[PDB]
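# Architecture and fold: a report
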Amino acid sequence: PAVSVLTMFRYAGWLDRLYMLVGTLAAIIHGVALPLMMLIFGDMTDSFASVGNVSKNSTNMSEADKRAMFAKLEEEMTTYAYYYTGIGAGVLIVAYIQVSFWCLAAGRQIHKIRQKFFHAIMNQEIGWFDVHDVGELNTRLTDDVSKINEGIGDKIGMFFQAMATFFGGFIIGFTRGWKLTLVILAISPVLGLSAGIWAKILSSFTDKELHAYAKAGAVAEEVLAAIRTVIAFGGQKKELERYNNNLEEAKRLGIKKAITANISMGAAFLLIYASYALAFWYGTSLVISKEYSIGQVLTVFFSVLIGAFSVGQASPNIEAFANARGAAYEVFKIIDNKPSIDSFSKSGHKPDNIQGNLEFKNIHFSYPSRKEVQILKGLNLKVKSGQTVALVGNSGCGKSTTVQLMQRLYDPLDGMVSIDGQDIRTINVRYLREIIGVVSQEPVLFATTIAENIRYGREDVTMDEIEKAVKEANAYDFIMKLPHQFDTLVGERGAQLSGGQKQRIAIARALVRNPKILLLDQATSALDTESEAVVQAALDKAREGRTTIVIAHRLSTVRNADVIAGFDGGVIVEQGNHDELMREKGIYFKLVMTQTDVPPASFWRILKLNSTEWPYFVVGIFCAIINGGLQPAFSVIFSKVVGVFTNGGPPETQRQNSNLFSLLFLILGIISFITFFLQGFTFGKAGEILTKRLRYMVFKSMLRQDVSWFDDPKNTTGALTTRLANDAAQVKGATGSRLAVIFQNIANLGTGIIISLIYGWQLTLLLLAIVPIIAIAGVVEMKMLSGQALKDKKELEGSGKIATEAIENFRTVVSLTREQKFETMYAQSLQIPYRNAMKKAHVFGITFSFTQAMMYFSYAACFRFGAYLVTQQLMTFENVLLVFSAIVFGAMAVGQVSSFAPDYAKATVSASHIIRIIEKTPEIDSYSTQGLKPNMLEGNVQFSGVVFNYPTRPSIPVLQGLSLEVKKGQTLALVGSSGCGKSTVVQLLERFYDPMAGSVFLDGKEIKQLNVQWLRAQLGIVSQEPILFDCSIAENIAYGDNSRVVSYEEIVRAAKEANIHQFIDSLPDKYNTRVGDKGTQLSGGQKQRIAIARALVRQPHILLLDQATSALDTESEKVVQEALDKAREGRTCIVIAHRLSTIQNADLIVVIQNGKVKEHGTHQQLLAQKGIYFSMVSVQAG
Ligand SMILES: Nc1ncnc2c1ncn2[C@@H]1O[C@H](COP(=O)(O)OP(=O)(O)OP(=O)(O)O)[C@@H](O)[C@H]1O
């Protein structure tokens, strides 16, 4: 959808309504300013044509004909040169006003939008945030606001310019003779038609492509997330073929786009060369009959094509304006939306002497994300002033909902909530929340100082009072131990505070507010019994004589409360003191007892990647020379035409010369269509090969890498799918397409420099001296349009980061009632990109003005100097046109080439990354073929003094002097405090990493000397969260022993021994059932048993079990443990043990602490040791 145009320019002050008006009048002038440059150019050839044939045919006088005609041209061209400079003078003024006033008026409007849009979001309801996706909302603050500034800025001034030329151009064409124009305007619908057809066919082969690679690029994403399972089971080649057998689809489809894109080029490049002749063949016949002059035609043919091409230059300026209307709809809706609970209004009462009488009356309530089911039904309950009320009951009974209604974050439907006899929906929201202290489940700390985070509760508090509150909250002594005490910087940027310390800050914040009512919703939940005790002392302190509602999770909180309400299904089944509810032996009694990147890759290296198809490259080079030569050809055939009618000739030859040269256009026009159809058929396949061949070599080379690579923060599973998907394809704009450019550019400017130099060399050294100037200008505009894009958009990140901090914790700030503070913080940050943008339009006023002025001025500096060369009989007027339209129309050709081809800079660095991902050789070559691979199936495992550090964060040491044997067929349990040391042993026997020092042996043999495939083939990885692949049960299981004959019989025996056979045989589509996200979702317990079943098929001599049972499925757990006892029997086993019961039946236990084996032995010996191991078993008991 979109907005009405006249709405969208609201918030535009009267001065912005003026700037947009004055700037338009500039745009209209600048629009017609080039049609005038074509009209004069016509009247200039008339001045040359009138004398060009006098001095040649009849030799009447030698020096009385020289001065006669030549002092006429010298006086005619004084005016034509004064006329040209007059335009560029007016342009210089006009062009400034155009882009100045429009970017200004847009900027002035944006700054008024940002504040009104953010404030609109801080003014919304809390049920408003429930329905909406907050992620896209935050980007909508800086993307959609960035999408509007396009379609109200300078993009309008260019539109009214193009329309003033469309009508300004078709005006001049018609008044200078109507026959020539209606010829063209009969063909321009054929070209306005020809343009849109291909864009329907290019858009066709686009969306078909994103669904072609979506098959291949889906296998890619699944692997690189599941890389731990792929390497550990050696399926690194099986995944290469799946990714490849779907990779031919997007290739063949890539060719139908590659051909048809260069068809679209040469097809429309033909209809120009066709309609050139049709308009010139017919245009020459109207000067031969002495109806038009040569100056008349050359005006009209150009003055039409400019005005006719003015539509295609205004295509995107509309699309940017319609994108701006559309993005402006989602925003303006929010600004004009007004809430029922207005957090900014000043309406309700502000009652004083609030004792805290609390009353709920017949409350019913439904959330608006799931409104089908009611959450609370007929809920009634009073809290007497200064008493504490604990809410208990099972999950889903609206305990927090109660607290949300007393915050008034939703408005109940039926019933009434009153404070001291007064409807809470009849006082003001800010006074309400000012009297209420919110202790959330999780405390939000803001990325600011501790002083400010506390002062957020009440911005006028003195530093004396801060000290008092921090004391009362029990957070002072820990603050006294921090290095930057009350100035320490907290949040995501700063030092991470513990859970206990964060909550006490939230408590101090609420104390600063000194409210009359306190609300706590799981104040202590996550916190351990040690952290909880300090908070409880500080909570209890803060409550002393305040009316309190606490969502209680800990039994000790509930036992000392003055009154308990028991909730069940929205309904208070029993209310009383602690002893009553215990006496009742209802719901409450049951609860309380049970609980007890800048790589400089070279152009030559990239080119070598496509070297396997050099014959394709030779042809494309060849046609890139012809097509680069057709431009300077046209500069002749245009000149040689006009030469006849401007230098001298008999009207017997004006027919054959004109029609010949007029049909040499269609010689050129055909050769245009052929050389493009062939250029994009050889360089086209050369690219679509190159993508497909590099995605393979990459994805192959990616699975070759070792685990330290995939552990890095930069090589995440997404940034590799991107790198594997578009960066792999973006290379082809730097192999063949770069030769096509430079061979075109050489064959164009090369052969065009040569020709113009011989026909007259004086004019050329001027033009090829000035082309350097105007060529520079198109770059610095592209630079400073972009170099300024960073500056203005970098100063916005602070302005955007402020908003990000406020939306991401909206439920908090609204409870602190600091919606205004963050609004002000946003606005104050926005004052920098405002004042920068008000200088930006001043800048782009100039870069746009002095581009067109140095072009309109330099248009005079050529046809003045070139004219004096005809006075002095040094060059003909034909030879001027043969210089001018051989440099200029040829220099414009490289731009029309370079702007079509892919962004070369963006392609080289996009390619430089590909070469690095290919040329990288790992520390652990999984692909290799050497290694001992004996027939000795003992599996004696031995770690001796292994020392290892994670190379993601090598500053952290884990293991020091770790030495240990596992005897054949024994089970070894790893235990100790939480740490990565225990997990590391599994990764080293896998050989996912090498160790720094020490030695890992397998049956007396160094694992660095055994093939990585045959080390890992006899090792079973049982992951925490086992990865199940989108695939059949046979394939997910076959992932274990790959490249193997496995039939139906061998599958069933293994599934028995994992204990899943009986459950499998009654399910629908039994062994064929699709599992994954598309298929039946398996529980946590079932997935792990699949991982066990996969390990049984492999039948290894060693079993690595790592943190298995990472789920809560109670029955499955005993099923897993049964299946596990089966899987271990008479096998050498290494278990990372977290559960005490697993440890009891193990043959040997190792207690590890800080890299050090403090003790080890059988179960019985470690208990009687009465050491570390003893401590673990004792804590669970009591
Ligand atoms: N963002 C949300 N949008 C809509 N409804 C929600 C949202 N969050 C929670 N709910 C609803 O709140 C209802 C009651 O949950 P409640 O917050 O009372 O749990 P609780 O009592 O706090 O339990 P616990 O303390 O264990 O989380 C649920 O039925 C759930 O649908």
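The rules we used
- Residues numbered from 1 in each chain as written, not as in the entry; some residues may be left out.
- Heavy atoms only, no water.
- Pairing = 2+ DSSP bridges.
- Helix = DSSP H or I, 4+ residues; strand = E, 2+ residues; numbered from the N terminus.
- Axes fitted to C-alpha atoms, helices over the stretch in contact; angles between N-to-C directions.
- Contact = heavy atoms within 4.5 Å.
- Domains from an automatic or database assignment.
- Buried < 20%, exposed > 50% of the residue type's maximum accessible area, 1.4 Å probe, protein only.
- Salt bridge = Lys/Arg side-chain N within 4 Å of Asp/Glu carboxyl O.
- Patch = residues over 30% accessible without salt bridge, like charges linked within 9 Å, V, L, I, M, F, W, Y side chains within 5 Å.
- Areas by Shrake-Rupley, 256 points an atom, 1.4 Å probe, with all protein chains shown as cover.
- UniProt positions renumbered as here; feature names shortened; annotations may be inferred.

### Some remarks on the sheet that holds strand β18 (residues 1132-1136)
Sheet architecture is open: 6 strands sit in the order β16-β17-β18-β13-β19-β20, paired in mixed fashion. Edge positions in the sheet fall to β16 (1019-1022) and β20 (1156-1161), since each of these pairs with one other strand and no more. The average undirected angle you get between the axes of adjacent strands in this sheet is 15°. In terms of strand pairing, strand β19 (residues 1148-1153) meets β20 through 5 bridges, oriented antiparallel. Along β20, the bridge assignment pairs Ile1152 with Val1157. Lying on the sheet, helix α37 (residues 981-989) is in contact with β13 (971-975), β16, β17 (1102-1106) and β18; it crosses β17 at an angle near 140°.

### Notes on the domain arrangement of the protein
For the protein, the assigned domains are domain 1 (1-347 + 597-929), domain 2 (348-596) and domain 3 (930-1182). Its C-alpha centre places domain 2 at a distance of 45 Å from the equivalent point of domain 3.

### A few points about unusual backbone geometry
Here the phi dihedral of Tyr11 falls at roughly 65°; this positive angle occurs in a residue that is not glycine. Secondary-structure assignment places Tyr11 in the loop between α1 (5-8) and α2 (14-52). On the accessibility criterion, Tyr11 (23% relative accessible area) is partly exposed. For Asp1069, which is not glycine, the phi torsion reads 60° and is therefore positive. Along the chain, the position of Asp1069 falls in the loop between α41 (1061-1065) and α42 (1084-1098). Classification of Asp1069 as exposed rests on a relative accessible area of 62%.

### Concerning the environment of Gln161
Inspection of the secondary structure assignment puts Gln161 in helix α8 (residues 154-175). For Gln161, a relative accessible area of 15% translates into the label buried. Once the C-alpha coordinates of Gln161 and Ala27 are considered, the two residues, 134 residues apart in sequence, prove to be 4.7 Å apart. Ignoring any residue separated from it by four or fewer positions in sequence, one finds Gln161 in contact with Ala27, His30, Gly31, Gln98 and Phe848.

### Quick word on the pattern of salt bridges
In total, this model carries 34 salt bridges according to the counting rule given. Here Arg140 and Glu136 are joined by a salt bridge, their closest N and O atoms 3.8 Å apart. Placement of both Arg140 and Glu136 in helix α6 (residues 134-142) is noted, with a separation of 4 residues, approximately one turn of the helix. The class for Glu136 is partly exposed, based on a relative accessible area of 41%. The closest approach of N and O atoms between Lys640 and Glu878, which form a salt bridge, is 3.7 Å. Placement of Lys640 in helix α27 (residues 614-647) and of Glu878 in helix α35 (residues 877-898) is noted, with a sequence separation of 238 residues between them. Assessed through its relative accessible area of 25%, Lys640 is described here as partly exposed. Within the structure, one salt-bridge network assembled from shared partners comprises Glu222, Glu239 and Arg242.

### Here's the deal with a nonpolar patch on the surface
On the surface, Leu757, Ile758, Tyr759, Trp761, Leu765 and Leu768 cluster together into a nonpolar patch covering about 600 Å² of accessible area. Secondary structure elements with two or more residues in the nonpolar patch: α31 (737-759) and α32 (761-807). Its place among the elements puts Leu768 in helix α32.

### Focus on the UniProt feature "domain: ABC transporter" in the protein
Within this numbering scheme, the UniProt entry marks residues 358-594 and 941-1179 as carrying the feature "domain: ABC transporter". As a span, residues 358-594 carries 36% helix and 22% strand, and end to end its C-alpha atoms are 32 Å apart. Measuring from the first to the last C-alpha atom of residues 941-1179 gives 32 Å, for a span that is 36% helix and 24% strand.

### Considering the sheet that holds strand β4 (residues 416-419)
Strand order in the open sheet formed by 4 strands is β2-β1-β4-β5, and the pairing between neighbours is antiparallel. The outermost strands of the open sheet, each flanked by one partner alone, are β2 (376-383) and β5 (422-423). Examined bridge by bridge, β4 and β5 share 2 bridges and lie antiparallel to one another. Within the sheet, the bridge partner assigned to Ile419 lies in β5 and is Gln422. With respect to the sheet, helix α16 (residues 399-406) is in contact with β1 (358-365), β2 and β4, its orientation differing from that of β1 by roughly 115°.

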